[PDB]
Amino acid sequence: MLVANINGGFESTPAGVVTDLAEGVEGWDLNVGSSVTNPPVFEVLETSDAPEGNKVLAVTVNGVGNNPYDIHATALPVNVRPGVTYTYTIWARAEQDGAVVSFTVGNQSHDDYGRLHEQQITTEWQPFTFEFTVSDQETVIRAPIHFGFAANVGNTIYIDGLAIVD
Ligand SMILES: [Ca+2]
Ligand SMILES: [Ca+2]
């Protein structure tokens, strides 16, 4: 496929705990909000339990901040053409039931093109998919995934297989 995002399945990244949140995982920016006082752990896992390849990203939430994006994994850059309609697809599961995640796509002004908001994540892998249109003149966009929900404290969420395709 003609994919707009880079390293969507983490297959380019060495397994281990991420200590470089900005540049340790090619094609993604991980960050933690200054309001989060019990920080999360991000880890690339090498596993047979992957929907794609053998790597997944595991996000362990230990506490939250003020905003759901205060614990996030954002695909960036996401290279796109104005006016085009894309299909976003990703897989996610959690260690315990009751996890909540938002899968968004938006521009550098932090306006969304679309999202799957506050999705219930279960202990089995499930696909989350939506279409969105680049409705402005942007060519470099981003795909923020929000993990900072109280529901997630004590849980680990696993993501894999992000594809943003024409
Ligand atoms: Ca993968
Ligand atoms: Ca980066």
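Just so you know, ligand 1 is whichever comes first in the structure, and atom 1 is the first atom listed for that ligand. Quick note: residue numbers are just sequence positions, from 1.
- Of all heavy-atom pairs spanning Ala150 and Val64, the tightest one is N-CG1, 3.8 Å.
- Residue side and main chain included, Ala22 places an N/O/S atom under 3.0 Å of the Ca ion (ligand 2).
- Under 3.0 Å from the Ca ion (ligand 1), one finds the following protein N/O/S atoms: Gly9 O, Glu11 OE2, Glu52 O, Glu52 OE1, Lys55 O, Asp160 OD1, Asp160 OD2.
- Counting all heavy atoms, side chain and backbone alike, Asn152 lies closest to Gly98 at OD1-O, 4.5 Å.
- Salt bridge status for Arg93 with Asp49: present, with a side-chain N to carboxylate O gap under 4.0 Å.
- Atom CZ of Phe128 sits about 15.0 Å away from atom CZ of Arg115, to the nearest 0.5 Å.
- Checked by atom type, the side-chain pair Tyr113/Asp136 shows a donor-acceptor distance below 3.5 Å.
- Under a hydrophobic clustering in which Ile, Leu, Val, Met, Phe, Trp and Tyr are joined whenever their side-chain heavy atoms come within less than 4.5 Å, directly or via other members, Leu21 and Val36 fall into the same cluster.
- None of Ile90, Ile71, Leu57 except one satisfies the side chain to side chain contact (heavy atoms under 4.5 Å, CB included) rule with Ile145; the exception is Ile90.
- Checked against the Ca ion (ligand 2), the N, O or S atom of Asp29 at the shortest distance is OD1.
- Note on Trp28: counted as a metal contact of the Ca ion (ligand 2), an N/O/S atom lying under 3.0 Å.
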